[PDB]
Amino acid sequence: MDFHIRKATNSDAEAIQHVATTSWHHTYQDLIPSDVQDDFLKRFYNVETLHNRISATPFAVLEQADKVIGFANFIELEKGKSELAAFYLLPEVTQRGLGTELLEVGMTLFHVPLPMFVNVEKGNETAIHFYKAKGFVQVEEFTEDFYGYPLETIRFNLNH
């Protein structure tokens, strides 16, 4: 089936909320209590906050069958460096080369500078594998206090 990657608009807020919520509930199921996940999702992925985020910094969406199935948020950090601030696919659309397209095409659309950094929860083996497969390399590792919970995080960069 054909897919398209495109710049996001404010209208995409509900779809982005859904992708993030579905992905969180699936990936964090053994890593973070549900009530904490939902608190974060309600705080950062409510529609109002998403309008502000989408307006402030570049989001790309992956769409297929007229449905947004993935999204990426790129943020410029300082001269010549950027952060992959958010990157999610629905679990149903993984392992099909689409994450690679979202990343590479999103970076083109927004002329994203390299190095680009990403924080990844150390427990998300699927995400760790993906970033390593795309050529990301570890720079730092630390434990985040996330709602009072330890979240072990690996920070990677991509520079080619």
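Sequential numbering from 1, following the sequence displayed.
- Legend: mean Cα B-factor per stretch from the PDB entry, 7-15 versus 140-148; the higher mean is in 140-148.
- On average the C-alpha atoms of 27-35 have higher B-factors than those of the other stretch, with 27-35 and 49-57 being the two compared.
- Among all modelled residues in this chain, the alpha-carbon of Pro115 has a temperature factor (C-alpha) in the lowest third.
- In the PDB entry, a CA B factor belonging to the lowest third of its chain's modelled residues is recorded for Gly135.
- Per the deposited record, the Cα B-factor of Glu121 falls in the highest third when ranked against the other modelled residues of its chain.
- Among all modelled residues in this chain, the alpha-carbon of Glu92 has a temperature factor (C-alpha) in the lowest third.
- When the modelled residues of the chain are ordered by C-alpha B-factor, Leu158 sits in the lowest third.
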